[PDB]
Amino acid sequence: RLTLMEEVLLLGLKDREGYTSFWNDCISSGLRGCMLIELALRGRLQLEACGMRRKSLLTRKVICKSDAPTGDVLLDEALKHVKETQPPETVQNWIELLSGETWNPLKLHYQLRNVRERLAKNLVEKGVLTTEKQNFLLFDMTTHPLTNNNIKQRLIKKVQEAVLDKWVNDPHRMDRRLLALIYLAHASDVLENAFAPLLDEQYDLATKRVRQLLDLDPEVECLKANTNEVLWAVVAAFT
């Protein structure tokens, strides 16, 4: 069982050793989106609903509806902040707060540090990576190669299939965890990795279908009964 952070991250891992995979500003923002979506789906957060009469997803405030620990150390750091911080803040503000995109001393202690290490630790715990302490000729570093090749391949197929053979014209008919996964992977720019192994024709098709999913309107779409509003807020924030 993988968190959306872990699935985004894995999508961005190209070889085994990961020496041609790179961190950057899209994905570290990407991952903070993933965390709010994770917290939402688990009934930890909701959007305020009191004046929505006039307000957008982008302007509505995030409410901690439960502070129950989840057993993911980052999910818990993030939730613990969304519990003390008050008054409440909007989705974009959280994504910023949590990635340290402030110059205000008061907001600094909100930023989540060592995201890469902690995720990689998580994946070692789950048996997806290992540890190779290494002594290179020019520096020491400790790496985490991919050992569990099946789960990676399963993940890639999962994403591939959702916009190909399993595709259905209707988005809410499809598992939310997977829809949010597509949006974030794109926002984090690792999605394109799921598609490069594809044949030309599938490649275009998938792409058409994704772009179509990007053309949806979260304001329209967060109205279907039984969806997560925070999810579409997070989609709004990265569109």
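We number the residues from 1 along the sequence you see.
Participant: Higher mean Cα B-factor in the deposited model: 119-127 or 165-173?
Facilitator: Mean B over CA atoms: larger for 165-173.
Participant: Quick check on the record: does 46-54 or 61-69 carry the larger mean Cα temperature factor?
Facilitator: The stretch with the larger mean CA B-factor is 46-54.
Participant: Return the residue from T143, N150, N104, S99 that has the highest Cα B-factor in the entry.
Facilitator: Of the options given, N150 has the highest CA B-factor in the PDB entry.
Participant: Would you please rank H109 by its C-alpha temperature factor against the other modelled residues of its chain and give the third it falls in: lowest, middle or highest?
Facilitator: Highest third.
Participant: Taking the C-alpha B-factors as the PDB entry records them, is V234 in the lowest, middle or highest third of its chain?
Facilitator: For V234, the deposited C-alpha B-factor lands in the middle third.
Participant: In terms of the chain's CA B-factor thirds, is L178 lowest, middle or highest?
Facilitator: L178: CA B-factor falls in the middle third of its chain.
Participant: Using the temperature factors of the C-alpha atoms in this entry, rank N193 within its chain: lowest, middle or highest third.
Facilitator: Within its chain, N193 is a middle-third residue by C-alpha B-factor, going by the deposited values.
Participant: Lowest, middle or highest third: where is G18 by Cα B-factor in its chain?
Facilitator: Within its chain, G18 is a middle-third residue by C-alpha B-factor, going by the deposited values.
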